[PDB]
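Methodologically, a virtual Cβ is constructed for each residue, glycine included, from the backbone with ideal geometry; neighbour enumeration extends over all protein chains shown. What follows is calculated from the coordinates using simple rules that are stated; it is not laboratory data.
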Amino acid sequence: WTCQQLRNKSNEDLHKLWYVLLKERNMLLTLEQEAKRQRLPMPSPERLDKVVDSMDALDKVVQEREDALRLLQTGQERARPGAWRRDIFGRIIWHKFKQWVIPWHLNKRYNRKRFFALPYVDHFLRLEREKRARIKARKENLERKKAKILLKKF
Amino acid sequence: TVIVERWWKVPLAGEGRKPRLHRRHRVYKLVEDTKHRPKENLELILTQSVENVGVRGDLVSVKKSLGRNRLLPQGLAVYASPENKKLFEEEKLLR
Amino acid sequence: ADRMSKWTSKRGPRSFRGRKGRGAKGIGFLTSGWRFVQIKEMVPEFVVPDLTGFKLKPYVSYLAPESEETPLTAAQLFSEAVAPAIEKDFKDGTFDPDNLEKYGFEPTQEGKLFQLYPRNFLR
Amino acid sequence: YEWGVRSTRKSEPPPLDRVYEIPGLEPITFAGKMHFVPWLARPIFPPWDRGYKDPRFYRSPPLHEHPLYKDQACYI
Amino acid sequence: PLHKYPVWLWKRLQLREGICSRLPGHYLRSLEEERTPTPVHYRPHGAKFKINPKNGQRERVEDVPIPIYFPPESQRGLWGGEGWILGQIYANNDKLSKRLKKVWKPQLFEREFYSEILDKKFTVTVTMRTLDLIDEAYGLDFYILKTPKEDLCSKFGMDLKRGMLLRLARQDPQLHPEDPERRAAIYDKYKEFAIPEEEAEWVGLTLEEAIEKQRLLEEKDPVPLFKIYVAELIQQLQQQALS
RNA sequence: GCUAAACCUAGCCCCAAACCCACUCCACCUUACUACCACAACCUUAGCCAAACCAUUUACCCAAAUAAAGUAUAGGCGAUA
RNA sequence: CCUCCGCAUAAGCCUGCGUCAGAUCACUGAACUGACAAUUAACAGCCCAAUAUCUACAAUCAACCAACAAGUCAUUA
Ligand SMILES: [Mg+2]
Ligand SMILES: [Mg+2]
Ligand SMILES: [Mg+2]
Ligand SMILES: [Mg+2]
């Protein structure tokens, strides 16, 4: 199935098709394993790939619909809430939130976490940056050098 | 406060340079301790007929102790600023 | 004296082997005398449709003609859901900048059973 | 001689930030980013109530608040 | 390899792209300025030049400050700029003797003050220097308002300043709600310090605090796209109608 | 005649130019990579070494290359700075 | 002919003499390589609503006797 084909299909019908694809997958997966056991070639192994792709497509189509509707209703790009935070290693991370019963200030385990970098980290950040730069610089050079030899041969 | 001077001279920096300092430049010599220098009086104007210091509108020099701890807290006296000094001359001239 | 292998529930002493698990989502809680209480509601329920008289099959005929790929966005969704209603009501005087909730918009997600952000449903 | 040594008891909470005293302004606290940082001020949180009842996490009334509480002491 | 900009510039350079870029102009300028504090622990050279008694040649001089350490307790009080001096000494004021580590700490006193603008009693840890500066300025309010950031050397000093300046800016009626004329008197006494409200918001704020404040102001719940598209659609329809 | 030998290209070095990456789903500060419950950071570098010992002392990045100039100056007035 | 060893749990280790095919002190094979299998909870781990309130008298066949170093185990509203 193509993504386009599935987009034309109804919302409810996609849900039904999805179980049709589920049962098909499981058949082919058991068939893979049985060939492996008998030490024999599979009949048509490529089928599995097709099936997988179809379901990937389906999931994507559905995902799109949800995403679209979120934008129209809340204007939120991400389904799950989160924040940019600064870990103890002084690097910037996208921290995903979890659900809790109690509010954050009352959470003992959560308060144990350090979402900030003390000063000693800054020097390491320097060294890290410098390292990244080196690797990059090396890459650039090799690109140029390669072009040069490719000019002398042609 | 404590006032110190260095044992070692620091080389000149020029106009737009911050001076270069050394491990030797950290050695100090004690000039003076400010707390040991003799006592001075604090100038005040009294707002009330306070005992054995004066009466309302009197320019009085009193110890920092008496001033900061008795006179100023209770509003018995005020700072002898130029702004309020003239004001106390004015109320006198109204007589 | 191994650091490189993945740490697992197989690996510790007795207490350790109890505490860690695989990924499985828990479905209840424990009470006195290590009695496990299952909650029916914590257990996911498979919402599985009726497949009778259904024409779609898991593979597609090659005889089908090809079409250009175009993904879904909010703009076009609004154009083919809300826009016709709005413009039709713009022709008369029924349309209103206030109470546009009639067209399907909601001010808040709080009351809803299926809340869009944050998401409160499985898949 | 009172019982329970000082070290064992719950520590007296640290003295309040001096910014709070000044009547003009409200402090900048780390309430906004939902975690502790050392440089911003400690927020004061309103006391929390779980709206719904949960049996496992239940707190009983104070002793005066119980319906059967009596000034006259019975001995059992 | 080489970094493009010297490493010492990075602090400055980072103020230009992020949340610090969209901070107010006046705050960034107050952050940038690098003026020296008044001497506290060293007698400065009076003149720009001085004759050497050694050779009898007139020579330039510079004033080199002693480095001052301020323990975090100093932020919770008003020290006139006195800090801990950590240095070395020679044993009997002879350079040929043993070198030793010395720390000079200022004497501290817990004292009570009344702020006229804030109409509040405070109890703070101070030095004799501070008490002397207050006397010369003719009141706590004057001392707080006159003294720049550098010389105050106190987060709490700056917070006092922020409050007072905010009160002057707002002409706050809660100074004396029951006595309006006394409020008028207190205001006109400190009228020369008065600055705009929106400028008074940011005085005496550290960069971390500042960026929290700015982040709080700029953060908003994002608008639903329903409103955007409905607004624009009726616009297209409006122009369509006027044809 | 065995064991061998032989190879050119992965890449790398120093410059110049230019201010850098922080990233599908899930998980990860508790025994990290584990869905799910009432403390807090800022605080003089020292020493080897040189002085033919060692004890005061002994260059170390601070924001324009050159020159002023190893000059003025400092220093167990010595090493040296 | 030998056995002061064995079987089990714990602690530690992590598929490390199961099956099949090639392959190489000793088999041209196996404790080698590759592919395929397997260890099923009743044992064991993983626990407990709150605030007050209670808890003087060992163990030793606990009986007689006998001590000293003075002791692992309870609630009620
Ligand atoms: Mg020059
Ligand atoms: Mg030597
Ligand atoms: Mg030698
Ligand atoms: Mg059991």
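Per-structure values
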read-out	value
Complete set of residues in the stretch E:14-47 that are in a loop (DSSP other than H, G, I, E, B), polar (S, T, N, Q) and either touching a residue at least 24 places away in the same chain (Cβ under 8 Å) or over 25 Å from E:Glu197 (Cβ atoms) (or both)	E:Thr36, E:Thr38
Residue in the stretch E:157-174 that is more than 10 Å from chain D (Cβ to nearest Cβ), over 30 Å from E:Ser21 (Cβ atoms) and not in a helix (DSSP H, G or I) present	yes
Cross-chain or 6+ apart pairs with Cβ under 8 Å, the stretch B:3-30 first and more than 9 Å from chain E (Cβ to nearest Cβ), then of a type in the set (D, E, K, R) and surrounded by fewer than 12 Cβ atoms within 10 Å (Cβ to Cβ)	B:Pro11/B:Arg20
Unmet requirement for A:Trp94, which otherwise passes all of (1) within 12 Å of chain E (Cβ to nearest Cβ); (2) within 8 Å of RNA strand F (Cβ to nearest atom); (3) among the hydrophobic types (A, V, I, L, M, F, W, C)	(1)
Of all residues in the stretch E:1-29 being more than 14 Å from chain A (Cβ to nearest Cβ) and surrounded by 12 or more Cβ atoms within 10 Å (Cβ to Cβ), the one that is farthest from RNA strand F (Cβ to nearest atom)	E:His26
Search result, residues across the stretch E:218-243 that are more than 10 Å from chain A (Cβ to nearest Cβ), without any contact (Cβ under 8 Å) to a residue 24 or more places away in the chain and exposed (fewer than 10 other Cβ atoms within 10 Å of the Cβ)	E:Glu219, E:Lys220, E:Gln239, E:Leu242, E:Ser243
Residue in the stretch D:19-28 that is of a type in the set (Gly, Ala, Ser), on the phi > 0 side of the Ramachandran plot, assigned to a loop (DSSP other than H, G, I, E, B) and away from RNA strand G (no atom under 12 Å from the Cβ) present	no
Restricting the stretch D:53-76 to residues that are within 9 Å of RNA strand G (Cβ to nearest atom) and closer than 24 Å to C:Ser32 by Cβ, the residue that is farthest from the other protein chains (Cβ to nearest Cβ)	D:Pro61
Residue match in the stretch C:37-52 (condition: over 30 Å from A:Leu22 (Cβ atoms), touching a strand residue (DSSP E or B) at 6+ places or on another chain (Cβ under 6 Å) and either near RNA strand G (Cβ under 10 Å from one of its atoms) or more than 12 Å from chain A (Cβ to nearest Cβ) (or both))	yes
Within the stretch C:7-35, tally of residues that are within 14 Å of chain D (Cβ to nearest Cβ), near RNA strand G (Cβ under 7 Å from one of its atoms) and among the hydrophobic types (A, V, I, L, M, F, W, C)	1
Leading residue by the ranking (farthest from A:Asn107 (Cα to Cα)) among those in the stretch D:28-38 that are more than 9 Å from chain E (Cβ to nearest Cβ) and within 21 Å of the chain's Cα centre (by Cα)	D:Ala31
Residues within the stretch E:58-87 that are in a strand (DSSP E or B) and exposed (fewer than 13 other Cβ atoms within 10 Å of the Cβ), tallied	4
Qualifying residue in the stretch B:26-46 (condition: of a type in the set (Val, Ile, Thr) and in a loop (DSSP other than H, G, I, E, B))	no
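Residue by residue, here is whether (1) assigned to a loop (DSSP other than H, G, I, E, B); (2) more than 10 Å from chain A (Cβ to nearest Cβ) holds:
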{"site": "C:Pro58", "(1), (2)": "yes, no"}
{"site": "C:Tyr62", "(1), (2)": "yes, yes"}
{"site": "C:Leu72", "(1), (2)": "yes, no"}
{"site": "C:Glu87", "(1), (2)": "no, yes"}
{"site": "C:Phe90", "(1), (2)": "no, yes"}
{"site": "C:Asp96", "(1), (2)": "yes, yes"}
{"site": "C:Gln109", "(1), (2)": "yes, no"}
{"site": "C:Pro118", "(1), (2)": "yes, no"}
{"site": "C:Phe121", "(1), (2)": "yes, no"}
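For (1) outside any loop (DSSP other than H, G, I, E, B); (2) within 16 Å of RNA strand G (Cβ to nearest atom); (3) surrounded by 11 or more Cβ atoms within 10 Å (Cβ to Cβ); (4) under 22 Å from the mean Cα position of the chain (by Cα), each residue gets a yes or a no:
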position	(1), (2), (3), (4)
A:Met55	yes, no, yes, yes
A:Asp67	yes, no, yes, yes
A:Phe89	no, no, yes, no
A:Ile102	no, yes, yes, no
A:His105	yes, no, yes, no
A:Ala117	no, no, yes, no
A:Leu125	yes, no, yes, no
A:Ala133	yes, no, yes, no
A:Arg144	yes, no, no, no
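Here's the yes/no breakdown for (1) more than 30 Å from D:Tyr58 (Cβ to Cβ); (2) away from RNA strand F (no atom under 13 Å from the Cβ); (3) of a type in the set (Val, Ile, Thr):
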residue: A:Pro43; (1), (2), (3): yes, yes, no
residue: A:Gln63; (1), (2), (3): yes, no, no
residue: A:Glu66; (1), (2), (3): yes, no, no
residue: A:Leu71; (1), (2), (3): yes, yes, no
residue: A:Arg85; (1), (2), (3): yes, no, no
residue: A:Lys98; (1), (2), (3): no, no, no
residue: A:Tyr120; (1), (2), (3): yes, no, no
residue: A:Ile135; (1), (2), (3): yes, no, yes
residue: A:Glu140; (1), (2), (3): yes, no, no
